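Proteins come first, then strands; the chains are lettered A, B, ... in the order of their sequence lines, and each starts at number 1.
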Amino acid sequence: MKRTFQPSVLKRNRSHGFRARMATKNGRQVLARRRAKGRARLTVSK
Amino acid sequence: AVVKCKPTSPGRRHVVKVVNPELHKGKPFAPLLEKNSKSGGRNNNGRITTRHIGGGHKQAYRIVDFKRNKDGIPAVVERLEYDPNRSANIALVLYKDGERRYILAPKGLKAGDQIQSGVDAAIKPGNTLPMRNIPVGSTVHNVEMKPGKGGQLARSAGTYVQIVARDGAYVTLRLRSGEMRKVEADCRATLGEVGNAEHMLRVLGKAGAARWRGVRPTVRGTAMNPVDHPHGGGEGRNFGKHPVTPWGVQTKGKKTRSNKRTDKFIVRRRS
RNA sequence: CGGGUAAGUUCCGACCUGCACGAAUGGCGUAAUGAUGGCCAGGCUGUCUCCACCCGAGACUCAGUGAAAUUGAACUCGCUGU
RNA sequence: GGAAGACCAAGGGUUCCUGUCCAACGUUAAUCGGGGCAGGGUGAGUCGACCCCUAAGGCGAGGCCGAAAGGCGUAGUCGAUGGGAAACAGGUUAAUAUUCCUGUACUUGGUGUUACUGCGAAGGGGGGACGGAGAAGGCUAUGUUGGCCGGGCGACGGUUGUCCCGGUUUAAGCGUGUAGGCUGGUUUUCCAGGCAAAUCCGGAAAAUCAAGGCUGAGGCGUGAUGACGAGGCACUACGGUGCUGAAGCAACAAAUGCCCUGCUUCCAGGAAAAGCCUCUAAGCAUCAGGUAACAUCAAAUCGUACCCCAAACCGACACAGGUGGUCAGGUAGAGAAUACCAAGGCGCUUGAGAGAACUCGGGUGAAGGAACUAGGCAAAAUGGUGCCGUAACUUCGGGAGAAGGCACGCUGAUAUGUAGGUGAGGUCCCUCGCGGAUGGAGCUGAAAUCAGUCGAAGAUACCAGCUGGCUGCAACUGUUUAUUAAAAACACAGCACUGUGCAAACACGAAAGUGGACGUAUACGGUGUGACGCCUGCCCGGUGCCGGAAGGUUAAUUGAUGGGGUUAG
RNA sequence: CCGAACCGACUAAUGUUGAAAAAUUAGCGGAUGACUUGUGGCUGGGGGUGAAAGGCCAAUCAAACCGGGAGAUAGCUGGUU
RNA sequence: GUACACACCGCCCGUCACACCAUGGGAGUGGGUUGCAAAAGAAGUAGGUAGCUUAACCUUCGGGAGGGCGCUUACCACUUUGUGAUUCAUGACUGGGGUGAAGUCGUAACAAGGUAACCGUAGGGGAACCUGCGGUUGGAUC
RNA sequence: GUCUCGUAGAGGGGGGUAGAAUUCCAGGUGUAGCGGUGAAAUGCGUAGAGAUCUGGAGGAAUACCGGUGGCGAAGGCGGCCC
Ligand SMILES: [K+]
Ligand SMILES: [K+]
Ligand SMILES: [K+]
Ligand SMILES: [K+]
Ligand SMILES: [K+]
Ligand SMILES: [K+]
Ligand SMILES: [K+]
Ligand SMILES: [K+]
Ligand SMILES: [K+]
Ligand SMILES: [K+]
Ligand SMILES: [K+]
Ligand SMILES: [K+]
Ligand SMILES: [K+]
Ligand SMILES: [K+]
Ligand SMILES: [K+]
Ligand SMILES: [K+]
Ligand SMILES: [K+]
Ligand SMILES: [K+]
Ligand SMILES: [K+]
Ligand SMILES: [K+]
Ligand SMILES: [K+]
Ligand SMILES: [K+]
Ligand SMILES: [K+]
Ligand SMILES: [K+]
Ligand SMILES: [K+]
Ligand SMILES: [K+]
Ligand SMILES: [K+]
Ligand SMILES: [K+]
Ligand SMILES: [K+]
Ligand SMILES: [K+]
Ligand SMILES: [K+]
Ligand SMILES: [K+]
Ligand SMILES: [K+]
Ligand SMILES: [K+]
Ligand SMILES: [K+]
Ligand SMILES: [K+]
Ligand SMILES: [Mg+2]
Ligand SMILES: [Mg+2]
Ligand SMILES: [Mg+2]
Ligand SMILES: [Mg+2]
Ligand SMILES: [Mg+2]
Ligand SMILES: [Mg+2]
Ligand SMILES: [Mg+2]
Ligand SMILES: [Mg+2]
Ligand SMILES: [Mg+2]
Ligand SMILES: [Mg+2]
Ligand SMILES: [Mg+2]
Ligand SMILES: [Mg+2]
Ligand SMILES: [Mg+2]
Ligand SMILES: [Mg+2]
Ligand SMILES: [Mg+2]
Ligand SMILES: [Mg+2]
Ligand SMILES: [Mg+2]
Ligand SMILES: [Mg+2]
Ligand SMILES: [Mg+2]
Ligand SMILES: [Mg+2]
Ligand SMILES: [Mg+2]
Ligand SMILES: [Mg+2]
Ligand SMILES: [Mg+2]
Ligand SMILES: [Mg+2]
Ligand SMILES: [Mg+2]
Ligand SMILES: [Mg+2]
Ligand SMILES: [Mg+2]
Ligand SMILES: [Mg+2]
Ligand SMILES: [Mg+2]
Ligand SMILES: [Mg+2]
Ligand SMILES: [Mg+2]
Ligand SMILES: [Mg+2]
Ligand SMILES: [Mg+2]
Ligand SMILES: [Mg+2]
Ligand SMILES: [Mg+2]
Ligand SMILES: [Mg+2]
Ligand SMILES: [Mg+2]
Ligand SMILES: [Mg+2]
Ligand SMILES: [Mg+2]
Ligand SMILES: [Mg+2]
Ligand SMILES: [Mg+2]
Ligand SMILES: [Mg+2]
Ligand SMILES: [Mg+2]
Ligand SMILES: [Mg+2]
Ligand SMILES: [Mg+2]
Ligand SMILES: [Mg+2]
Ligand SMILES: [Mg+2]
Ligand SMILES: [Mg+2]
Ligand SMILES: [Mg+2]
Ligand SMILES: [Mg+2]
Ligand SMILES: [Mg+2]
Ligand SMILES: [Mg+2]
Ligand SMILES: [Mg+2]
Ligand SMILES: [Mg+2]
Ligand SMILES: [Mg+2]
Ligand SMILES: [Mg+2]
Ligand SMILES: [Mg+2]
Ligand SMILES: [Mg+2]
Ligand SMILES: [Mg+2]
Ligand SMILES: [Mg+2]
Ligand SMILES: [Mg+2]
Ligand SMILES: [Mg+2]
Ligand SMILES: [Mg+2]
Ligand SMILES: [Mg+2]
Ligand SMILES: [Mg+2]
Ligand SMILES: [Mg+2]
Ligand SMILES: [Mg+2]
Ligand SMILES: [Mg+2]
Ligand SMILES: [Mg+2]
Ligand SMILES: [Mg+2]
Ligand SMILES: [Mg+2]
Ligand SMILES: [Mg+2]
Ligand SMILES: [Mg+2]
Ligand SMILES: [Mg+2]
Ligand SMILES: [Mg+2]
Ligand SMILES: [Mg+2]
Ligand SMILES: [Mg+2]
Ligand SMILES: [Mg+2]
Ligand SMILES: [Mg+2]
Ligand SMILES: [Mg+2]
């Protein structure tokens, strides 16, 4: 059966990548939060 | 001509075609074509704002001359053509100086006919004049509402407008709706009726024929749940309320015109 | 009431006493169509009378690997009563 | 074996190859592994990306709009799933190869010579450039048979022949220009069009010639005195290397591939932009620039291993699931169904016995034949082609494959292989060719009829409609509760009412705007009904909607009049 | 219209600590169209989308998920060495 | 003018109720005849002929020819199956018709029959009928 | 039966146009009735009808001529102009 995760790198980067996050103020608050938590990987960006 | 299909399959039994042997069979005139992609009835918020629109055949846009302001130069009809964008047919015309344009095809117009626009044009079908120069009582189409703006009234297949009176700077028109409407006498109009009057005699015959035209199905409000539509609900077929739109406004007689700016031009409403 | 069956609360045709049909929240018909509902017949048969035998895969034994739900504690019988 | 073979994209990321190890991982053992450890392995002007160009859509200087955050959008700038230059065959590694090597090619650009010469764009025109279905003809891939070449003479009767086995392969490029497709050509004069100009496109009028151009599969030639090649021979570290090498033709059949972005036809009427060709403007003037030949230089960078219907991707698993594109042999067959095979790939990571009940998946069954049961659930049955034949009803299409029935293998003859298809030499003609005409050798080859013959059975396996009668509902094909409901529900063409005069009604939106629509009442929205046929009666008291506007009542607003507080007196 | 690929999901058996959190096997429907499919885009939670089943919106839907108000409140149940 | 003549206190129409009779439709069903498509194949006759058996003819004395039986093929009666056509009988119920009798409801026609009658058509109504549209005089009065 | 010349005609088909009248719409004047019948009532009217004047819209039919007149196979055909 077809499952929910059907990977595509272009769609991954367009939807959640670093530059998509930087494009809006709400996305920059995601990055601010993850930096404050100290995540080793800020985004999906490979 | 109006042609019934033979009932060789259930989807063909009720089909009625309008077949016109005079329409061009080849490709349209390319310099007057533009692309025109579809909307699905969605605006720039991406929301459906007009229901029941989607799909259907790809269509190119034909640039049609509704202004008819190339005055004093005669043109000859080269051919009639099918236009997917409208109910009327269109005519490709060649002006004496070598320019080609598309116009709405009036009833009776055929290849070889001559047309002209301007104050001094002859009173003949396909000619365009300011209504100041058109006899009262005439039948016209593609009528301007503001001088120089371009035709806006009576453009659909088989429609026309009657010039019933002329008083000062204004003429009074009887529109197809039955409305009596004042328009400036300097507004242009084309003599005759829009052609292709048999358009309304066609019968689609099957559901798919509406889908070919970009029309998606209509779901009755009484077939829904209450959360979806004021008519929804009921154990069985129930109704019991005054018919309304999906947004709650009465839909069987309640009037919705509210334009005090243009009220001064309506001599008499359609009813 | 009639038909079909040896026998028919279903089915078909009628009657009208419509608890409580009825004319576009349509009425009455309707060829064709339907993995649609009901009923009848021919063919067909292990569906059944009424099961028998056979071929394979498990079940069973040996070697290797090795779960689960559950679980107050158990030295965890019948009966009649309480 | 239309895959369980081969090869890509996506996704993964070393899983690839070699050596070594067997703790853990592997549903068992493991000497083995997609496991551990170590080393190795991915070579490009031509393949792909990057790049030029745009679609939907995104962002968006100014701008318009919005308490703020922000929303929309112009000029622009991004964005492939689409348009845009060029390489093939052979050989080679343990592991890469259109990338390395051998042979033979091609493309774009920079320079520099030479010869000749109106070049010039952010502008104009052309082109690129486009649907569905259907029908053929011409072909090739490919196959089959013959010929040819090499080998064979058979474990058991026969096998020197009308016998057996194998091979019979060769590209891009360059040259040629055929089946076919499209279009009349050429030269002058003139002109309200193409924002200016134009020799270009469009238009008008003459003259003259009638064949001129554009496009185009395949074939043929060359590429190739080469490469490959059955086998043979010699070595092996027995895995394999080294050496040599015959024939290398024809006929017939033939695609879903090519000609074909064609042709015919239909209505639902079928992207864009650049590359490319052409025209001139400002400008430049024996300069630059353009065209051609020749030479020379450059073509960077990143990807390239491996899996890819899967043990490497998505499913927590070495999971009976899911996953877009390409390739398409033989015999039978209508076929990409199905059966058996080829190339190629596999036996599914617990086995060994036994031969109880019972469960699962199957086979057969005396007599009966729906008596079973809620119900013929399940099973059994029917099943092909040709011909004969086929009722009520019907919207005249249907119903219909109604129903029912007959024939069917093999051998011989007709006919040493027929009708038909294909077509060589020859001969004739020619405006001499990839030509026409004639002619038919060779090859291929149904179907039928007559006679005979074997079996219980000839559509023998696999494959492959059960049929008929009465009736409810829905006209019909479609759609739906992903995961207990597929229906009589939803939709539907058709019908009606009603709104809507365009800055339309209506909808999204504090708004700007956007959809409706580059539509205009034969149009668009809402609502109900639901093909078609015959039809659709009475009620306006209630609720709503529409119209009316004389009167009664009534909001903010206005503040007449009366009453009170204070106190100069 | 008949029928493979492809798209579905009418019946039965199995399976129900499955091989599988919806499948397998035998049959079944559509199969040039209101068809099917790849890649990319757009619509956002009282909101979307819906040939309408309250269906679907990441194994979640009569109001998604994540974080916060937050130790909501619990005249109720349990427990209290 | 008249459809009156025991003479308008005349004549007379239709539904409804009652009785009887024939007939159309009808879920269908049961018989007779018959078409079409097949299956079937007794006896007979004809063709063929493995096998068996032979009075007349011919033999070179073994046989030969010819015949018969058997077998087989063709044609075909009985019979069987499927599906139509036609005809007769019958059927709950239902449609109108005739006759009788006169009960109930009216009074359509005959006089200008009290709205002149009638024809075609359409709609309506318990019934005769009424109404619209065109037509006729086979209308009285004037 | 054909040809030549002329005559009368609501013979047919198509198009245009004119005047009278009805209805409706707008406005002016004006005020209590109008309309209808055997008699009435329903209906219309002080929200201004009916009556009268002006302007407009629209459809249908063609007074007088007109005649036991004409034309046409019958059914039928009537303003004027082409
Ligand atoms: K996404
Ligand atoms: K059109
Ligand atoms: K609907
Ligand atoms: K409802
Ligand atoms: K309901
Ligand atoms: K319901
Ligand atoms: K309704
Ligand atoms: K109906
Ligand atoms: K069904
Ligand atoms: K049925
Ligand atoms: K395992
Ligand atoms: K073991
Ligand atoms: K042998
Ligand atoms: K590689
Ligand atoms: K097979
Ligand atoms: K045992
Ligand atoms: K031949
Ligand atoms: K079949
Ligand atoms: K119906
Ligand atoms: K279904
Ligand atoms: K539904
Ligand atoms: K019908
Ligand atoms: K019909
Ligand atoms: K009412
Ligand atoms: K009312
Ligand atoms: K598509
Ligand atoms: K919803
Ligand atoms: K989620
Ligand atoms: K919510
Ligand atoms: K009777
Ligand atoms: K009968
Ligand atoms: K009468
Ligand atoms: K009379
Ligand atoms: K009458
Ligand atoms: K009555
Ligand atoms: K005449
Ligand atoms: Mg709609
Ligand atoms: Mg359109
Ligand atoms: Mg509709
Ligand atoms: Mg519902
Ligand atoms: Mg509500
Ligand atoms: Mg109900
Ligand atoms: Mg009710
Ligand atoms: Mg009974
Ligand atoms: Mg009974
Ligand atoms: Mg019944
Ligand atoms: Mg009802
Ligand atoms: Mg009711
Ligand atoms: Mg009604
Ligand atoms: Mg009703
Ligand atoms: Mg109703
Ligand atoms: Mg209905
Ligand atoms: Mg269906
Ligand atoms: Mg054990
Ligand atoms: Mg590793
Ligand atoms: Mg390996
Ligand atoms: Mg290793
Ligand atoms: Mg182990
Ligand atoms: Mg060990
Ligand atoms: Mg290893
Ligand atoms: Mg390893
Ligand atoms: Mg923007
Ligand atoms: Mg800005
Ligand atoms: Mg853009
Ligand atoms: Mg770009
Ligand atoms: Mg691309
Ligand atoms: Mg490799
Ligand atoms: Mg070939
Ligand atoms: Mg070849
Ligand atoms: Mg031997
Ligand atoms: Mg060659
Ligand atoms: Mg070549
Ligand atoms: Mg195909
Ligand atoms: Mg590789
Ligand atoms: Mg395994
Ligand atoms: Mg798997
Ligand atoms: Mg698939
Ligand atoms: Mg094959
Ligand atoms: Mg197969
Ligand atoms: Mg045992
Ligand atoms: Mg057993
Ligand atoms: Mg069993
Ligand atoms: Mg069996
Ligand atoms: Mg038995
Ligand atoms: Mg037996
Ligand atoms: Mg038996
Ligand atoms: Mg039986
Ligand atoms: Mg029973
Ligand atoms: Mg029983
Ligand atoms: Mg069954
Ligand atoms: Mg079976
Ligand atoms: Mg068949
Ligand atoms: Mg051939
Ligand atoms: Mg019933
Ligand atoms: Mg249906
Ligand atoms: Mg379900
Ligand atoms: Mg289901
Ligand atoms: Mg707008
Ligand atoms: Mg309905
Ligand atoms: Mg589905
Ligand atoms: Mg299946
Ligand atoms: Mg079907
Ligand atoms: Mg099918
Ligand atoms: Mg929220
Ligand atoms: Mg519900
Ligand atoms: Mg879900
Ligand atoms: Mg809530
Ligand atoms: Mg709080
Ligand atoms: Mg709490
Ligand atoms: Mg009878
Ligand atoms: Mg016999
Ligand atoms: Mg009377
Ligand atoms: Mg009378
Ligand atoms: Mg009659
Ligand atoms: Mg009446
Ligand atoms: Mg009357």
Review point. Does A:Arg3 place a side-chain N or O at less than 4.0 Å from the phosphate oxygens OP1/OP2 of E:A22?
Key: yes
Exercise for review: For B:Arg174, answer base if it contacts any base atom (sugar-phosphate contacts may also be present), sugar-phosphate if it contacts only those atoms, and nothing otherwise; contact means non-hydrogen atoms under 4.0 Å.
Suggested key: sugar-phosphate
**Study point:** C:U10 to D:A491 separation - P atoms, rounded to the nearest Å
**Key:** 36 Å
Check your understanding: What pucker does E:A63 show by its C1'-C2'-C3'-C4' sign, north or south?
Key -> south
Review point. Can you tell me how far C1' in D:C340 sits from the matching atom in D:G43, rounded to whole Å?
Key: 48 Å
Practice item. Examine the base of D:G526 for any acceptor or donor lying under 3.5 Å from a partner atom in the side chain of B:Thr245, and report the outcome as yes or no. Key: no
Review point. For the atom pair OG1 (B:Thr139) and OH (B:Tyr160), what is the distance rounded to the nearest 0.5 Å?
Key: 6.5 Å
Check your understanding: Does D:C492 have OP1 or OP2 sitting under 4.0 Å from an N or O in the side chain of B:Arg211?
Key -> no
Review point. Considering only heavy atoms and no angle criterion, is a donor-acceptor pair shorter than 3.5 Å present between the side chain of B:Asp228 and the base of E:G50?
Key: yes
Check your understanding: D:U554 and D:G166, Watson-Crick or G-U wobble pair at under 3.5 Å for both distances?
Key -> no
Check your understanding: For atom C1', what is the distance between D:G125 and D:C201, given to the nearest Å?
Key -> 5 Å
Point to revise | Pairing partner of D:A30 (Watson-Crick or G-U wobble, both distances under 3.5 Å) | key: none
Exercise for review: Establish, with yes or no, whether the OP1 or OP2 oxygen of D:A503 is under 4.0 angstrom from a side-chain nitrogen or oxygen of B:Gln152.
Suggested key: yes
Exercise for review: Check the distance between E:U39's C1' and A:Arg12's CZ and give it to me in whole angstrom.
Suggested key: 19 Å
Check your understanding: If only side-chain N and O atoms of B:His229 are considered, is one of them under 4.0 Å from the OP1 or OP2 phosphate oxygen of D:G526?
Key -> no
**Study point:** Candidate nucleotides D:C545, E:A23, D:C490, ranked by approach to the side chain of B:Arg220 - the nearest
**Key:** D:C490
Check your understanding: Please walk me through it: do B:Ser117 and B:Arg188 pass side chain to side chain contact (heavy atoms under 4.5 Å, CB included)?
Key -> CA-CA 9 Å; B:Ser117 65; B:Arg188 293 181 170 236; 4.0 Å; yes
**Study point:** Euclidean distance for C1', D:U256 against D:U142 (whole angstrom)
**Key:** 14 Å
Point to revise | F:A89 vs F:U29: Watson-Crick/wobble pairing, cut-off under 3.5 Å | key: yes
**Study point:** Under 4.0 angstrom between B:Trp247 side-chain N/O and D:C506 OP1 or OP2
**Key:** no
**Study point:** Short side-chain N/O contact from B:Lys35 to OP1 or OP2 of D:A56, under 4.0 Å
**Key:** yes
**Study point:** Presence of B:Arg257 side-chain N/O under 4.0 Å of D:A504 phosphate oxygens OP1/OP2
**Key:** no
Practice item. For B:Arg86, report the nucleic acid contact type (base, sugar-phosphate, nothing); a contact means any heavy atom under 4.0 Å. Key: sugar-phosphate
Review point. Within a radius of less than 6.0 Å around CZ of A:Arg39, do more than 12 heavy atoms belonging to other residues, nucleotides or ligands occur?
Key: no
Practice item. With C1'-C2'-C3'-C4' as the criterion (positive north, negative south), name the sugar pucker of C:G34. Key: south
Practice item. For the pair B:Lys182 and B:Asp167, find out whether any cationic side-chain nitrogen is under 4.0 Å from an anionic carboxylate oxygen. Key: no
Exercise for review: Go through D:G513, D:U522, E:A22 for me and flag the one nearest to the B:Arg176 side chain.
Suggested key: D:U522
Review point. Closer than 4.0 Å, any side-chain N/O of B:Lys252 to the OP1 or OP2 of D:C497?
Key: no
Review point. Looking across every strand, which nucleic acid part, if any, lies under 4.0 Å from B:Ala223 by heavy atom: base, sugar-phosphate, or nothing?
Key: sugar-phosphate
Review point. If you pin B:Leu94 and B:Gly253 to their nearest nucleotides in RNA chain D, which one's is more 5'?
Key: B:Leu94
Review point. Quick one: is D:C314 close enough that its OP1 or OP2 comes under 4.0 Å of any side-chain N or O from A:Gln6?
Key: no
Exercise for review: Could you tell me whether D:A133 and D:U264 make a Watson-Crick or G-U wobble pair, using a cut-off of under 3.5 Å for both distances?
Suggested key: yes
Practice item. Taking atom P in both C:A52 and D:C470, compute the distance separating them and give it to the nearest angstrom. Key: 45 Å
Check your understanding: Does B:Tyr95 have a side-chain nitrogen or oxygen under 4.0 Å from the phosphate oxygens OP1 or OP2 of D:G193?
Key -> no
Practice item. Please look at the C1'-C2'-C3'-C4' dihedral of D:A80 and say whether its sugar is north or south. Key: south
Revision key, fill the gap. Sugar pucker at D:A68, from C1'-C2'-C3'-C4' (positive north, negative south), flagged north
Check your understanding: Does the side-chain ring of A:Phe5 sit on the six-membered ring of the D:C314 base, less than 5.5 Å centre to centre and under 30° in tilt?
Key -> no
**Study point:** Polar side-chain atom of B:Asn196 near backbone of B:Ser87 as donor-acceptor pair, under 3.5 Å
**Key:** yes
Check your understanding: Per the atom types in the model, does the base of D:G501 pair as donor or acceptor with the side chain of B:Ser177 at under 3.5 Å?
Key -> yes
Review point. Nearest to the side chain of B:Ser87 - D:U395, D:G526, D:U522?
Key: D:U522
Study note, to complete from the structure: Against the side chain of B:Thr218, the closest entry in D:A192, D:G501, D:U527 is D:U527
Practice item. Quote, to the nearest angstrom, the P distance that separates D:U514 from D:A503. Key: 14 Å
Study note, to complete from the structure: Going by torsion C1'-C2'-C3'-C4' being positive (north) or negative (south), D:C201 has its sugar north
Exercise for review: Answer yes when B:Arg269 and B:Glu179 have at least one side-chain N-carboxylate O distance shorter than 4.0 Å, and no when they do not.
Suggested key: yes
**Study point:** Working for side chain to side chain contact (heavy atoms under 4.5 Å, CB included), residues B:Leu191 and B:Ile134
**Key:** CA-CA 8 Å; B:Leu191 271 300; B:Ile134 298 171; 4.1 Å; yes
Check your understanding: Between the base of D:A531 and the side chain of B:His14, is there a donor-acceptor distance below 3.5 Å?
Key -> yes
Review point. Is the shortest distance from a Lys or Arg side-chain nitrogen in B:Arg62 or B:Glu81 to a carboxylate oxygen in the other one below 4.0 Å?
Key: no
Exercise for review: Would you check, one step at a time, whether the test ring-ring contact (aromatic ring centres under 6.0 Å, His included) holds for B:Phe239 with B:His231?
Suggested key: CA-CA 7 Å; B:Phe239 204 76; B:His231 295 183; 4.6 Å; yes
Exercise for review: Check whether any side-chain nitrogen or oxygen of B:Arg237 sits under 4.0 Å from OP1 or OP2 of D:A489, and answer yes or no.
Suggested key: yes
Review point. Of the candidate nucleotides D:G126, D:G202, D:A523, which contains the atom at the shortest distance from the side chain of B:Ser156?
Key: D:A523
Check your understanding: Can a donor-acceptor pair under 3.5 Å be found between the side-chain atoms of B:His57 and the base atoms of D:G270?
Key -> yes
Check your understanding: Want to settle it: does A:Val9 or B:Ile48 sit nearer the 5' end of RNA chain E, counting the closest nucleotide to each?
Key -> A:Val9
Exercise for review: Would you mind checking if B:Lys110 and B:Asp113 are paired as a salt bridge, meaning a charged N to carboxylate O distance below 4.0 Å?
Suggested key: yes
Practice item. Have a look at B:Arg216 and say if it touches a base, only the backbone sugar-phosphate, or nothing, with a 4.0 Å heavy-atom cut-off. Key: sugar-phosphate
Review point. Between B:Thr50 and B:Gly205, who's closer to the 5' end of RNA chain D by nearest nucleotide?
Key: B:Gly205
Practice item. Could you check whether B:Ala60 gets within reach of a base, just the sugar-phosphate, or nothing at all, counting any heavy atom under 4.0 Å? Key: sugar-phosphate
Review point. Would F:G120 and D:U453 pass as a Watson-Crick or G-U wobble pair if both distances have to be under 3.5 angstrom?
Key: no
Exercise for review: Please check the phosphate of D:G269 (OP1 and OP2 only) for any side-chain N or O of B:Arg62 closer than 4.0 Å.
Suggested key: no
Practice item. Using a 4.0 Å heavy-atom cut-off across all strands, classify B:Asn36 as base, sugar-phosphate, or nothing. Key: sugar-phosphate
Check your understanding: Counting only side-chain N and O atoms of B:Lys149, is one of them less than 4.0 Å from OP1 or OP2 of D:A503?
Key -> yes
Review point. A:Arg14 or B:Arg47: which one's nearest nucleotide on RNA chain E is closer to the 5' end?
Key: A:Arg14
